[PDB]
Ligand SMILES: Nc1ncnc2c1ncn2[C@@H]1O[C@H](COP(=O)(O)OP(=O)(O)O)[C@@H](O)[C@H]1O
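Presented as structure tokens, the chain that follows is alone, the form deposited without this ligand.
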């Protein structure tokens, strides 16, 4: 039984037809986050989506990816045993601090890039990167960041592109996805550009309350660096945002290239 090996304690978080609770593996004494999904509320198709997310999590072992340690199916309940990460989402911390210093944003994006690079080398594309699902080890400056929520992730064959469907989060969507073009790994680096812009000034590069006009902004790469807040941001921060928010997906910087950019490598 799940309850034979793990003891449940307090709720840490709440999803649709899911909760997250702190748990201890009894024999080990080790603490984990248990995502408990009510599979009574899911069709076969959506059960199988859950088993796919678990399988992709199992492929990925990396200090900046939330590690799935176990996946247990019981009558009406599925349990996903993750690393316990208690720092809350990157999103909440950006709102609390308003924006990050270049030193803190650089250390943050460097870890995201290592994680994305690992995903891309394993043939996994997240498709849905955003501060909302990047988890912090703590509220302390320089805290380790981890990628979470592989529920929309896909597997690609080498550098081959294909139409993998319309999915992700509106404000973070790549122009190639909005065009319905075949796509691959670069969609993640567009999302990294959006995340980096948000990190440095605390608002997104693309937004309109009209989703059509939001989508026209993204497809046209219509963002800028308004004064006064962007006046004190280094040209190299801007240059790395520009190479990530490149509409052409072949010209757009890769995770491997981003890790060599002077704003990452020459601190």
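Positions refer to the first chain, counted from 1.
Note that the form deposited with this ligand bound isn't included here; everything after this is about it.
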- Contact with this ligand in the bound PDB entry, heavy atom within 4.5 Å, among 237, 198, 66, 54 goes to 66
- Listed residue (60, 33, 233, 214) with a non-hydrogen atom within 4.5 angstroms of this ligand in the bound PDB entry: 33
- Contact label in the bound PDB entry: residue 251 to this ligand, heavy atom within 4.5 Å: no
- Message: So, residue 124 and this ligand: in the bound PDB entry, are they within 4.5 Å at any heavy atom pair?
- Response: no
- How about residue 79: is it within 4.5 Å of this ligand in the bound PDB entry, going by heavy atoms? no
- Is the gap between residue 133 and this ligand in the bound PDB entry 4.5 Å or less for some heavy atom pair? yes
- this ligand isn't shown here, but in the bound PDB entry, which of 187 to 195, 114 to 122, 81 to 89, 159 to 167 has heavy atoms within 4.5 Å of it? 81 to 89
- May I ask you to list the residues of 5 to 33 that have any heavy atom within 4.5 angstroms of this ligand in the bound PDB entry, in sequence order? 12, 13, 14, 20, 33
- Where do residue 16 and residue 167 end up in the bound PDB entry, Cα atoms closer or farther than shown, with a change of 3 Å or more? closer
